[PDB]
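Top to bottom, those sequences are chains A and B. Per PDB author numbering, the first sequence starts with residue 393, numbered consecutively. Per PDB author numbering, the second sequence starts with residue 344, numbered consecutively. Everything on this sheet refers to the single structure shown next.
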Amino acid sequence: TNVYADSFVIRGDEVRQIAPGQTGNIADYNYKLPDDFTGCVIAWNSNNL
Amino acid sequence: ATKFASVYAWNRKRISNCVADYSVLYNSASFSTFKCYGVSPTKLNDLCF
């Protein structure tokens, strides 16, 4: 019906937190996926940017 | 601690007769890995051992 693109920057260590059912500083206080999330999480190193 | 053990001679410390706010550890940004087994890191502040 729609696709929502959510976009942001984090540490490389924290990419593991951008998943359903995760916890941690980013998952808890910044950005939470629902436990039954349907979607894809796409990330790339941006040290050159 | 300023120096840790070698893994072949890994240190063990009893933590006892005390109150632990595990959420200080868990939502710290410092730890690159914080994986819990048989317990959930959020509910860890609700338990005793």
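The C-beta atom is built at its ideal place from N, Cα and C for all residues, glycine as well.
Residues near residue i in its chain [Cβ-Cβ closer than 6 Å; skip 5 each side]
i, result
"residue 435(A)", "407"
"residue 412(A)", "425, 427, 429"
"residue 439(A)", "none"
Limits of the unbroken alpha helix (DSSP H) element including residue i
i, result
"residue 368(B)", "365–369"
Helix, strand or coil at residue i [DSSP, three-state]
i, result
"residue 398(A)", "coil"
"residue 419(A)", "helix"
"residue 433(A)", "coil"
"residue 404(A)", "helix"
"residue 354(B)", "coil"
"residue 439(A)", "coil"
"residue 414(A)", "coil"
Whole-angstrom C-beta distance between residue j and residue i, which should lie under 8 Å
i, j, result
"residue 410(A)", "residue 433(A)", "5 Å"
Cutoff 7 Å; reference residue i; Cβ partners in own chain excluding five residues on either side
i, result
"residue 388(B)", "364, 365, 366"
Other residues of its chain near residue i: CB distance less than 8 Å, five sequence neighbours each side excluded
i, result
"residue 382(B)", "390"
### Query
Should the region 344–358 of chain B be called in touch with the region 367–374 of chain B, which here means at least 3 C-beta pairs below 8 Å?
In short, these stretches do not touch, since the Cβ pair count stays below three.
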